[PDB]
Amino acid sequence: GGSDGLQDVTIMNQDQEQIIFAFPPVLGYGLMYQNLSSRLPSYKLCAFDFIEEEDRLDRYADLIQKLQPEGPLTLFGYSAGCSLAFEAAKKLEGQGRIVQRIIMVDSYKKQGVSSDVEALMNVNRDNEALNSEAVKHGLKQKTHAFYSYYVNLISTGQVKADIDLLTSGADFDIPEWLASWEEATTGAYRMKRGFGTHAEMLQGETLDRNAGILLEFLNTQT
Amino acid sequence: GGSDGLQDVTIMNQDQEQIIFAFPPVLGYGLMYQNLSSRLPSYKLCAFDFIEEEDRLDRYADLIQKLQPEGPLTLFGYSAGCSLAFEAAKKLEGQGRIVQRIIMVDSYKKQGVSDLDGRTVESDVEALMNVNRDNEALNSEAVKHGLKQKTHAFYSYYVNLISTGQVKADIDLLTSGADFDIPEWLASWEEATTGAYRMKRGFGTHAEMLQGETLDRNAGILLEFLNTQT
């Protein structure tokens, strides 16, 4: 608390009812999903920034409990945000919440300590959004912190939530320190090939193409 | 069809409206799905036998067009039947039909000729007929009179098959509870479809998935696949 409870989160499409909790790419800022939000008009997006503190999972769970206290949860991630979303899902399920699904955009499960940081940094070298006073101050440190978290992370266990993965239009060979999400869920693991290279999937013209597939994932039911 | 237009098909849950076209396990007889049919009461199963002739794909296409002239198609396969379903789906989409989805049960895409190590088709066939030596579906002089020949033909087909291309249909895969490392001559169905590829871990070993109590649990997942809308 103190200054505000909505610390580290940006709400988009605020008049919608269905909520998606989105974890940021490696740069660390949820504002990077502003354009994606315009392509998911029927969904309210609670876009998180990367929380650097060691108890970040407790903080995210607390924010989610406040933003959507009841009902099944839908999480989303892109880049390093995919691993963070997986870790947040385990945290939430361990608290007794039901996570219906996690939507992942072209990133895999961390299997060992030992990458798209420079590409993403190059993309937004001169991005107005990340130029505000609030961001400029902590941008360098937040990106470094998220990068450090990702490289050292080793994700274990499973979630019950279904996992949907939108893969890049380009070919990719899974590294030894990475793995598919197949064994990471006792639910259904679904994937569909999208458009563009990893670093451009949620921006420009490829975004329009990819948003359509993300809506297919979201509009799925049994 | 000759004197029997439905010689290579067995219809189950005949009073139902929604149809599932099912391709048989390597033994080659659709009747082996009788137990499964009781767990999918809302679907009419048109279970095919393995057609030994080289124009089998055209024959399957003809039968499906006859059994369901219009509307999206749903195909199903288990074991080697998964490969046949994929090959049949390609044929069907080529004819303008819409294949909504293909449900696969613990089997992968052929990427090359199967490596039988120090074994032979002959010995593997004898074994495949032993794993199911006690199965009521394999009774009757009908199946017994040609079980060997049909299993040999289907296994030979499977071993030498190399599947290429893609389908637009979504592909759902139910995997067995037993661990497994995909061999060099096999591949996941990921690149085989321009649609969505979905998989879920099921129960039991490969050979016990569609029988006994294991069937009861796995059927629940298959129903999840079938009841999917978007």
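Basis of the calculations
Residues numbered from 1 in each chain as written, not as in the entry; some residues may be left out. Chains lettered and ligands numbered in written order. Heavy atoms only, no water. Residues with missing side-chain atoms left out of burial classes, pairs and counts. Helix = DSSP H or I, 4+ residues; strand = E, 2+ residues; numbered from the N terminus. Rg over C-alpha atoms; globule rule 2.2 N^0.38 Å. Disulfide = S-S within 2.5 Å. Salt bridge = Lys/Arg side-chain N within 4 Å of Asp/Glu carboxyl O. Buried < 20%, exposed > 50% of the residue type's maximum accessible area, 1.4 Å probe, protein only. Pairing = 2+ DSSP bridges. Expected span 1.5 Å × (residues − 1). Arc of directions from axis to C-beta. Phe/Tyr/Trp six-rings, centres within 6.5 Å; stacked < 30°, edge-to-face > 60°. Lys NZ or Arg CZ within 6 Å of the ring centre and 35° of its normal. 1 Å grid on protein atoms, 1.4 Å probe; cavity = no way out; pocket = protein on both sides within 12 Å on 5 of 7 lines; lining within 4 Å. Points joined across faces, edges and corners; volume = space filled by probe spheres on them. Nonpolar A, V, L, I, M, F, W, Y, C, P; charged D, E, K, R; others polar. Contact = heavy atoms within 4.5 Å. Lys, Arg positive; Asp, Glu negative; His and termini not counted. Axes fitted to C-alpha atoms, helices over the stretch in contact; angles between N-to-C directions. Parallel < 35°, antiparallel > 145°, perpendicular 65-115°, else oblique. Left-handed = near helix turned anticlockwise from the far one by under 90°. Polar contact = N/O pair within 3.5 Å; in protein donor to acceptor, adjacent residues only side chain to side chain.

Per the deposited record, the coordinates in this entry were obtained by X-ray crystallography to a resolution of 1.71 Å.

> Could you give an account of the overall build of chain A, naming the residues involved and the relevant values?
Counting its secondary structure elements, chain A contains six helices and nine strands. Against the compact-globule benchmark of 17 Å for 222 residues, chain A has a radius of gyration of 16 Å, which places it among compact chains. When its C-alpha atoms are laid out on the principal axes, chain A stretches across 45 × 40 × 35 Å.

> Account for the state of the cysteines, with residues named and values stated.
Counting across every chain of the model gives zero disulfides over all chains. A disulfide-free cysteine, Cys82(A) has its sulfur positioned 18 Å from the sulfur of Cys46(A), the nearest such atom.

> Residues and numbers for the pattern of salt bridges, please.
One pass over the structure, following the stated rule, counts 16 salt bridges over all chains. A salt bridge links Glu52(A) to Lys142(A); the nearest nitrogen and oxygen atoms lie 3.1 Å apart. In this structure, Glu52(B) and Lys150(B) form a salt bridge, with 3.3 Å as the shortest nitrogen-oxygen distance. Pair noted here: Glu52(B) is in the loop between β3 (43-48) and α2 (56-67) and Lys150(B) is in helix α5 (residues 140-160), with a separation of 98 residues, a long-range link. Residue classification places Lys150(B) among the buried positions, given a relative accessible area of 9%.

> I'd like a description of the pairing of strand β7 (residues 162-167) of chain A, backed by residues and values.
Residues and elements named next belong to chain A. Extensive coverage of β7 is indicated by the burial of five of its six residues. Here five bridges tie strand β5 (residues 99-105) to β7, and the two strands are oriented parallel to one another. The residue of β7 that forms the bridge with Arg101 is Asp162.

> Report on α2(B), specifying residues and quantitative values.
Residue and element names in this part refer to chain B. For α2, which comprises twelve residues, the first-to-last C-alpha distance of 16 Å matches the rise-based estimate of 16 Å (1.5 Å per residue) to within 8%. Inspection of α2 places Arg56, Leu57, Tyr60, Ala61, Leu63 and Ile64 among the buried residues, and these make up the whole buried set. Considered in projection along α2, the buried side chains sweep an arc of 165° and stay on one side of the axis. In α2, the exposed positions angled more than 90 degrees off the buried face are occupied by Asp62 and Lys66.

> Quick rundown of the packing of aromatic side chains? Include the residues and the values.
Within this structure, the stated rule accounts for 21 aromatic pairs over all chains. Ring geometry for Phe50(A) versus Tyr149(A): centroids 5.7 Å apart, planes at 45°, classification tilted. For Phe50(A), a relative accessible area of 0% translates into the label buried. The exposure class assigned to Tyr149(A) is buried, which follows from its relative accessible area of 14%. With a centroid separation of 6.2 Å and 15° between ring planes, the pair formed by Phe21(B) and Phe48(B) is classed as stacked. With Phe21(B) in strand β2 (residues 18-23) and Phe48(B) in strand β3, this pair connects stretches of sequence that are 27 residues apart. Each member of the aromatic cluster is reached from another via a ring pair, and the members are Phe21(A), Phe23(A), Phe48(A) and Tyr60(A). For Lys110(B), the ring lying beneath its charged end belongs to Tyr158(B), and the centroid distance is 5.2 Å. Geometry around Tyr29(B) places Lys150(B) over its ring, the cationic atom sitting 5.6 Å from the centre.

> Lay out empty space enclosed by the protein with the relevant residues and their values.
Residue and element names in this part refer to chain B. Computed from the structure, the largest cavity encloses a volume of approximately 50 Å³. Forming the walls of the largest cavity are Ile20, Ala22, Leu36, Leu40, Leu45, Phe76, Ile103, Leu222 and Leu226. When the residues that make up the lining of the largest cavity are grouped by side-chain class, the tally is nine nonpolar, no polar and no charged.

> Help me get a handle on the interface of chain B and chain A, residues and values and all.
Facing 14 residues of chain B, the contacting portion of chain A comprises 14 residues. No other element matches the five residues that strand β9 (residues 197-201) of chain B contributes to the side of chain B that touches chain A. The class makeup of the residues in the side of chain B that touches chain A is three nonpolar, six polar and five charged. Across three bridges, strand β9 (residues 189-193) of chain A lies against β9(B) in antiparallel orientation. Bridge pairing links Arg190(A) to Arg198(B) in β9(B).

> So what's going on with unusual backbone geometry? Which residues, and what values?
Residues and elements named next belong to chain A. Located in the positive-phi region is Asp8, a residue other than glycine, with phi close to 75°. If you trace the backbone, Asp8 turns up in the segment before β1 (9-12). Accessibility expressed as a relative area gives 23% for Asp8, which makes it partly exposed. Even without being a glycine, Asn13 presents a positive backbone phi close to 55°.

> Let's hear about the side chain of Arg56(A): which residues, and what values?
All names here are of chain A. Relative to the helices and strands, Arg56 is located in helix α2 (residues 56-67). This buried residue, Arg56, is left without a salt bridge; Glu53 holds the nearest opposite charge, at 6.8 Å. Setting aside anything within four residues of it in sequence, one finds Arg56 in contact with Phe50, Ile51, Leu84 and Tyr149.

> Kindly report on the packing of helix α4 (residues 121-128) of chain B against α5(B), identifying the contributing residues and their values.
Residues and elements named next belong to chain B. Contact geometry of α4 with α5 gives a least axis separation of 10 Å together with a crossing angle of 120°. Relative to α5, α4 is oriented oblique. You can see that α4 and α5 cross each other, and the crossing is right-handed. Side by side, α4 and α5 meet where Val121, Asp124, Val125, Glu126 and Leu128 of the first sit next to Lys148, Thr151, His152, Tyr155 and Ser156 of the second. Residue classes in the contact of α4 with α5 are distributed as four nonpolar, three polar and three charged.

> Before we move on, can you summarise the side chain of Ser155(A) with the specific residues and values?
Residue and element names in this part refer to chain A. Turning to its location among the elements, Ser155 is positioned in the loop between α5 (133-152) and β7. Polar side-chain contacts of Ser155 include one of 2.7 Å to the side chain of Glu87. Excluding anything up to four places from it in sequence, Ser155 contacts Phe86, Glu87, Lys109 and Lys110.

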